[PDB]
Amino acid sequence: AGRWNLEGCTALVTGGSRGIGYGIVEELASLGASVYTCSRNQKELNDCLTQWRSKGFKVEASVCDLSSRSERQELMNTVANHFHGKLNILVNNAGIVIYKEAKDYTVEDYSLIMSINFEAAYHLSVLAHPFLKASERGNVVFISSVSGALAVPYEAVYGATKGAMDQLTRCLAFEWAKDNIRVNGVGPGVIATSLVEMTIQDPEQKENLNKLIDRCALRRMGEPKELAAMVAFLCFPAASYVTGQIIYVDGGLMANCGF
């Protein structure tokens, strides 16, 4: 792998069947990496593979429900064999949202969002650890959110899971430093995805969304690839001194207050 590329590096991207995860598979696939992604739908993944492999991308995928502990274990074994026990990149992107007020959450909502958004990321990280070390140049990137540092409507529990993940990111950077593993987080602002799409279907969430874009310096939504570009850089051998950092690609929304 070169200073500004991932030629040869292997990688696992959770939830790459849509949006940002998809933007990330393509970004790394295009920079030389061999990718392996997953989602809860085979037919969807297959349509993704058809598109990816048509551009010369070295990609492979398989159905997996990250909300299930036992499955995540199976996923790690398969990917491991696939990459011959050597994984350079782990992009913990899969995440879901449940728009409700704090007090309106059912044990079902809370347990689901926490297993998928945090548990799963924490869990996979640990499962991938021995392979990242053996790679001798591992990188773990967590996809956070601006919502894990600042309050947003209906995202209290969702931010709670992203705020947990960021502390995890920070601590792991220090525990795995000796294992050659750099650990970083990337907090997206508002990026145009299927998740954001289903969202604006609601007249309230749409009004709430335009508030966000207005509070931006760029005042527009990001593109799955503007986000993916930051994730890719963090994986190059060029980002060698960068670890334990949480970086936001929000078009300036984190720096705002009265604009």
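One rule holds for the numbers: they count along the sequence shown, beginning at 1.
J.: Across the other PDB entries of this protein that were compared, is residue 199 absent from at least a third?
T.: In at least a third of the comparable entries (those modelling both sides of it), residue 199 has no coordinates.
J.: Of the two stretches 156 to 164 and 126 to 134, which shows the higher Cα B-factor on average in the entry?
T.: In the deposited entry, the stretch with the higher C-alpha B-factor mean is 126 to 134.
J.: Would you determine, from the values in the PDB entry, which of 183 to 191 and 98 to 106 has the greater average C-alpha temperature factor?
T.: It is 98 to 106 that shows the higher mean C-alpha B-factor.
J.: So if I compare the CA B-factors in the entry for 115, 93, 81, 139, which one is the largest?
T.: Max CA B-factor in the entry, restricted to 115, 93, 81, 139: 81.
J.: Please work out which residue in 37, 199, 67, 54 has the highest C-alpha B-factor recorded for this crystal structure.
T.: The record points to 199.
J.: By the record's CA B-factor, is residue 73 among the lowest, middle or highest third of residues in the chain?
T.: For residue 73, the deposited C-alpha B-factor lands in the highest third.
J.: Quick one: classify residue 229 as lowest, middle or highest third of the chain based on its Cα B-factor.
T.: Ranked within chain, residue 229 CA B lands in the lowest tercile.
J.: By the record's CA B-factor, is residue 252 among the lowest, middle or highest third of residues in the chain?
T.: Its C-alpha B-factor, which the entry lists for residue 252, ranks in the lowest third among residues of this chain.
J.: Ranked by Cα temperature factor within the chain, is residue 31 in the lowest third, the middle third or the highest third?
T.: Lowest third - that is where residue 31 ends up once the chain's C-alpha B-factors are sorted.
J.: State the tercile, meaning the lowest, middle or highest third, of residue 60 with respect to the CA B-factors recorded for its chain.
T.: Answer is middle: the recorded C-alpha B-factor places it there.
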